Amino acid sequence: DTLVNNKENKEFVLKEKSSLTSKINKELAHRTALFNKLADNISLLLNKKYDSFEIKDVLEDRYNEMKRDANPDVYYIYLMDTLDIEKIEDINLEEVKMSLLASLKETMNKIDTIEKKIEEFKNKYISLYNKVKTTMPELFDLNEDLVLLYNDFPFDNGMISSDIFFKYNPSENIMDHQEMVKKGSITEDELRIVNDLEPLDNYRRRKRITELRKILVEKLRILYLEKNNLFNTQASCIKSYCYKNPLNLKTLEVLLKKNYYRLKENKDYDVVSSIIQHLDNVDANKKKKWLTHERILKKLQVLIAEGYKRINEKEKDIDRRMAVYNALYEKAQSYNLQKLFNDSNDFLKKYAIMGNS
């Protein structure tokens, strides 16, 4: 079935979109309330060793990491280990374990019912979208839609996971500024491969230059790719572990890139405040209260610092490969082989401006 741009049909779709959105949001609130109520329980079980927010944050992140699996077994040993419950010298361990397992069972059973309600609303929302995606595409924004993007999550992202600050403690400080702006450099030994062209005749020079050019361009293609992918992963992690509300990841990616280069140019630039401001301004009502505990700030600080560190490592690797490439090109020019690099110079331009326009 399909609906034309006729006004009868368009007002139906906007009304139905709004209603399903409001129904899904009420279910999400009910889910959050159940996680909060459980976390309040567990805080008291642990004699307030961790506060309720910290426990809720772990539970919710683990729930998303586990594809919203409602099996209590996915949470029980994970919380025992993550919160080091057995090592708490303050409590009667065995009654705590019993209450915890029972509380996980009752709560996860209720969240299961809620998540299955959300799934049914999601099915109707997608079927509504499929009726208008060709005839009135503008009624839906695929870069941010809460429901169309509901299952996306940065699994296996390498930067953050639900047990952060419990089981490992990454730095919240961005890398040393002098290190971050210093260009990657190569040694004389790394240029041996280029200077080794000098004893060769013209035919083997051209062969070897062609072979090395191909190898360097392939390496650089991968590096630019990976650098862009890191910004994308950083943005997805900020959305899913910190903000926990719908947003346009493309917009956030652009800002993370801008801020990286801003920091290189100005060591006093405040990247964290810039990202906080952005996330505060996403919701038109400014009704999204998301930075409500220091743990959220710390996760954000880690993600900014770990992503930028990785991105900087790639940039220095790009500098080093380009240094060999430029040395090879300069040699080729001296052998009247400048034209061997016209096409690769073009590729490298194309790879370099992906994601930067």
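All residue numbers are counted from 1 along the displayed sequence.
Taking the PDB entry as given, 74 to 82 carries the higher mean Cα B factor of the two stretches 157 to 165 and 74 to 82. Here 133 to 141 and 239 to 247 are compared by their mean Cα B-factor, and 133 to 141 comes out higher. Residue set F231, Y224, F121, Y260: peak C-alpha B-factor at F121 (per PDB entry).
Remark: of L149, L93, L255, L216, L93 shows the highest value [criterion: C-alpha B-factor in the PDB entry]. Among all modelled residues in this chain, the alpha-carbon of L34 has a temperature factor (C-alpha) in the highest third. In the PDB entry, a CA B factor belonging to the highest third of its chain's modelled residues is recorded for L101. Remark: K287 belongs to the highest third of its chain, ranked by C-alpha B-factor as recorded. Per the deposited record, the Cα B-factor of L197 falls in the lowest third when ranked against the other modelled residues of its chain. Per-chain ranking of the deposited C-alpha B factor places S43 in the middle third.
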